[PDB]
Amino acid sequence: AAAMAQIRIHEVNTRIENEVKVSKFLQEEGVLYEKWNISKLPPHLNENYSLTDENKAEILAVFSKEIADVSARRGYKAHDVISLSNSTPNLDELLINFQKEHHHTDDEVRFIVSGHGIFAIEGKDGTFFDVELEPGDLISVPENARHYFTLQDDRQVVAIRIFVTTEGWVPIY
């Protein structure tokens, strides 16, 4: 009963928390889930949303190999880092775009560096489920999966946006 990356299935309000049951579940639905060594992260970068460019390029350096592997697996090109939190003067106005149910023509892959997030993703059967993400969680939302995204009750995330193509973060509503 230690939980990482829990699922809340929507219409039947059910939670899968045991971590083998979750990774298997996400496997059935076409979604990659990996856990990386978030403990390979320095303390200064632990929960730092006032991120500078020397910071972002180090977060990237720490996880270069994991990125490499995931980029190789899905044949992706680039990566960056974004921090969302109160004290982003435009949080609401950004988030609103991706809370609207959408899909992309590429996988959307994200690794949670600090804070939390939730991807609500349309299952194969037809039912949505929430994928509640903590620091250390890597997630790929497959191309054409219908989803939306949301911050948790903490209202702050820092993620590594990894990219198949430039044109694939674009929401198709």
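Residue positions are given as counts along the sequence shown, with the first one as 1.
K.L.:
Taking only the CA atoms, which stretch has the higher mean B-factor in the record, 145-153 or 6-14?
P.N.:
Comparing 145-153 with 6-14, the higher mean C-alpha B-factor belongs to 6-14.
K.L.:
Can you pull the Cα B-factors for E66, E134, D125, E34 from the entry and say which is highest?
P.N.:
Within the set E66, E134, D125, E34, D125 shows the top C-alpha B-factor.
K.L.:
With respect to C-alpha B-factor, does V164 fall in the lowest, middle or highest third of the chain as deposited?
P.N.:
Answer is highest: the recorded C-alpha B-factor places it there.
K.L.:
According to the PDB entry, is the CA B factor of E58 in the bottom, middle or top third of its chain, that is, lowest, middle or highest?
P.N.:
Middle third - that is where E58 ends up once the chain's C-alpha B-factors are sorted.
K.L.:
C-alpha B factor of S50, ranked within the chain: lowest, middle or highest third?
P.N.:
Highest third.
K.L.:
Going by the CA temperature factor in the PDB record, which third of the chain does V81 belong to: lowest, middle or highest?
P.N.:
According to the entry, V81 has a C-alpha B-factor in the chain's lowest third.
K.L.:
Ordered by C-alpha B-factor within the chain, which third holds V22? Give me lowest, middle or highest, please.
P.N.:
It falls in the middle third of the chain.
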